[PDB]
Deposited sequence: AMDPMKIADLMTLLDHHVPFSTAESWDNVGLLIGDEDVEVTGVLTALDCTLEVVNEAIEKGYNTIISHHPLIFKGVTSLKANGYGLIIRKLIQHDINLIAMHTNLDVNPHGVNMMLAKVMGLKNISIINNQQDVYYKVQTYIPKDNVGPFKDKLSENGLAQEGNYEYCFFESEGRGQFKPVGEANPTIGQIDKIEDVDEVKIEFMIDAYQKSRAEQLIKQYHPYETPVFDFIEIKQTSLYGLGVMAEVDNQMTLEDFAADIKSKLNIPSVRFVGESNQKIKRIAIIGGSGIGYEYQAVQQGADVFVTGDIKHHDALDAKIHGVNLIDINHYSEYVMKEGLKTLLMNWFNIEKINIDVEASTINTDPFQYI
């Protein structure tokens, strides 16, 4: 009997590749509207889950929408037949499930900013503004003959996974010859490590320490990348306008300024431009740039390009490609399509 993919199965897969925990703590991510128990009939990717996107899912026979922007952000205080209420009610009434992969996708090594850089034809792309992840170096002290079965039992129970220990010789008190064994755990394992250590240790009152270690994460908001060939600011702006099919672009800085290194935060990344320049950027590319921030940037020589917040729409095809690949790996046959609807609230003239 089959194991068709349920929303719960899809969530586990999504979380494996683009962990929901990497989203900012103010964000609203994951299954926003739906039922974990329901079988997935098809997946439509979207930037914003507008009414037209919901109609498109219905029309295609897909019961799952993955959007970048969370349709419910600050809690809803009503669900009436108007505004965002009309969209949420339509999802529910048609048994459509909506998952938001928001700032977790903004900070993912294969996420919105990698996608933007790739669509711009850039090279040497890497994550910037890296998160810090908390780990612990576990240190226990144990007699040499006790070292093996202590290690095997900790390893049998999934610690140091495999069997990754570092062994140090020393003398406790030199009353007692001991082996100081070390290994790494993620922050959530501390309590279980304690349990296992106390349980399988030789000493009645065993001696063990957790030393907090911070490591630079692979996750971070933005990428730094480079153009193949150093070019002028205005030429770079024109090139990316064309590549992303943007109706209008605006830039801040001398039009003939030479550009090689590019920092990109899709959406609304103003606030990071000065740090981007400190990180080596010649220009900071983002959306939703306002007058006074552009004015400040100009006077300080910080070069900007506004590609519009709407340029995050690249994640529809990008996430479709990712998900198709993840599904291939797992041998899952479910269709994924990028929504073709242009959902930009702005029309340019």
Deposited seq positions with no alpha-carbon in the coordinates run 162-165, 178-194
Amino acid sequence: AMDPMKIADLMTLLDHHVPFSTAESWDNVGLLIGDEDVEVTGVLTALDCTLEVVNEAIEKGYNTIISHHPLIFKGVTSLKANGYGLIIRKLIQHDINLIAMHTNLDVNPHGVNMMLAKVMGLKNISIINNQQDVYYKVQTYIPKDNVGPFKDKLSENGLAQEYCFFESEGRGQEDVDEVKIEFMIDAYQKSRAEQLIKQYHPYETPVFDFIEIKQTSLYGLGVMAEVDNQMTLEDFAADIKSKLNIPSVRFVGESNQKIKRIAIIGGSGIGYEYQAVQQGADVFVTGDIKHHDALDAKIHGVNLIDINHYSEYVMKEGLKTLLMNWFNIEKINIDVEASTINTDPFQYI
From here on, numbers count along this sequence of modelled residues.
Would you tell me which stretch averages the higher CA B-factor in the PDB entry, 264-272 or 139-147?
-> 139-147
Mean Cα B-factor check, 324-332 vs 13-21, entry values; winner is 324-332
Of the options 179, 91, 127, 115, which has the highest CA B factor as deposited?
-> 179
Going by the CA temperature factor in the entry, name the top one among 278, 161, 82, 103.
-> 161
Chain thirds of CA B-factor: placement of residue 256 | middle
Could you tell me which third, lowest, middle or highest, the C-alpha B-factor of residue 109 occupies within its chain?
-> middle
Residue 349, C-alpha B-factor rank within chain (lowest, middle or highest third) | middle
Pull the Cα B-factor of residue 99 out of the PDB entry and bin it into the chain's lowest, middle or highest third.
-> lowest
Here the Cα B-factor of residue 206, set against its chain, lands in the third termed highest
